[PDB]
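Here's a solo chain for you in structure tokens, the form deposited without the ligand.
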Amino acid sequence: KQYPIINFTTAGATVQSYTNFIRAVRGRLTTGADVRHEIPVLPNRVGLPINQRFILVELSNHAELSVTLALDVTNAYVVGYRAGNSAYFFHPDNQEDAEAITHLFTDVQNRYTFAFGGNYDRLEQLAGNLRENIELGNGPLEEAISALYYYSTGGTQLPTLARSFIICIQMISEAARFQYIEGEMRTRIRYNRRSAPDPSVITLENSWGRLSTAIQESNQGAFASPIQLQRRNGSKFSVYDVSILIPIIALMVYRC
């Protein structure tokens, strides 16, 4: 009847409540995951039945406004959202994905597909701000939830909507994909801090597909060619194998 729902509120959010939330999100993403090896592999999109394809993340704030994000279990990424009686989707990359999203929010009166995709390069263009200048934390997420809701009423302009997607995607999708990024959000919540992600976080986000490829194509957990990541200060270093990454990457897109 309905896809699995995970609830989170910014209202009185704690390190523990955020941890419980990301744990529950990874739980629903990995129901059909390959968990035989050191790092979970999300299910292959090829031949995945439609009734296993999505999970719903219902977000609430101090204002008790609620939006529901749809996440694709094959890549943990946001494909669209519902606010009241309206649903909004990123432009699908192909006809199969366009058909898949017709199964989301089947109830809603108003369905809209954005002209644009949900990739960071495009969202940063629409927001007029790079990830390095968009603060993350409980405050940004509370504001993002209100902005996503008030898009449905005409109260939110597209640049603020795009900025709000950048906040939600990093604090939910990227936190689910990477223990390192979950921990970055735990630190911000603990200290009631709002701060932009440093180069270590941004390079990790940028590298998710490349890391999923290198790990799954590895010779007994040794890479064909090394992958470059960044330290907090932006200095580059090489990763030659999966070993150092098991604590850092929680979920991988199917590769082969």
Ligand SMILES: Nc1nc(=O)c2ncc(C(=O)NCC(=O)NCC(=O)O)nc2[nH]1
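The numbering used is simple: start at 1 and walk along the sequence shown. For clarity, a rigid core is taken as the largest C-alpha set superposing within 1.5 Å between two forms. Shifts are known only where both forms have a C-alpha.
The following text describes the form solved in complex with the ligand, which does not appear among the structures shown.
### 4.5 Å heavy atom contact, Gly118 and the ligand in the entry with it bound
Although the ligand is absent here, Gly118 would touch it in the entry with it bound, with heavy atoms inside 4.5 Å.
### Message
Please tell me whether any heavy atom belonging to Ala87 falls inside 4.5 Å of a heavy atom of the ligand, as the geometry stands in the entry with it bound.
### Response
It does not: once the ligand is placed as it appears in the entry with it bound, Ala87 has no heavy atom within 4.5 Å of it.
### Task
May I ask you to state whether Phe105 is within 4.5 Å of the ligand in the entry with it bound, using heavy atom distances?
No - in the entry with it bound, heavy atoms of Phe105 and the ligand never come within 4.5 Å of each other.
### Message
Given that the ligand is not shown alongside this chain, does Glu174 nevertheless sit within 4.5 Å of it in the entry with it bound, heavy atom to heavy atom?
### Response
Result yes; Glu174 sits at the interface with the ligand in the entry with it bound.
### Query
Considering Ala127, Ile169, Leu136, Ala83, which brings a non-hydrogen atom within 4.5 Å of the ligand in the entry with it bound?
Going through each option in turn, the one that passes is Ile169.
### Message
Going through 76-108, which residues have a heavy atom within 4.5 Å of the ligand in the entry with it bound? Please give them in sequence order.
### Response
Going through 76-108 in order - heavy atoms within 4.5 Å of the ligand in the entry with it bound - the hits are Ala76, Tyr77, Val78, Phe90.
### Task
Once the rigid core is lined up, just say which one of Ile202, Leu65, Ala33, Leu48 has a C-alpha that travels 2 Å or more between the shown form and the other one.
None of the others reach 2 Å, which leaves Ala33.
### Task
Have a look at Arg36 and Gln220: in the entry with it bound, are their Cα atoms closer together or farther apart than in this form, given the change is 3 Å or more?
The answer is closer, because the C-alphas of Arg36 and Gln220 approach each other in the entry with it bound by 3 Å or more.
#### Entry: in the entry with it bound, whether the C-alpha atoms of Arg36 and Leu204 sit closer or farther than here (change of 3 Å or more)
Closer, not farther.
### Task
Considering only residues modelled in both forms, extract each run of at least three consecutive residues whose CA displacement is 2 Å or more throughout between the shown form and the other one after core superposition, in sequence order.
Shifted runs of three or more residues, which all move 2 Å or more: 31-33, 35-37.
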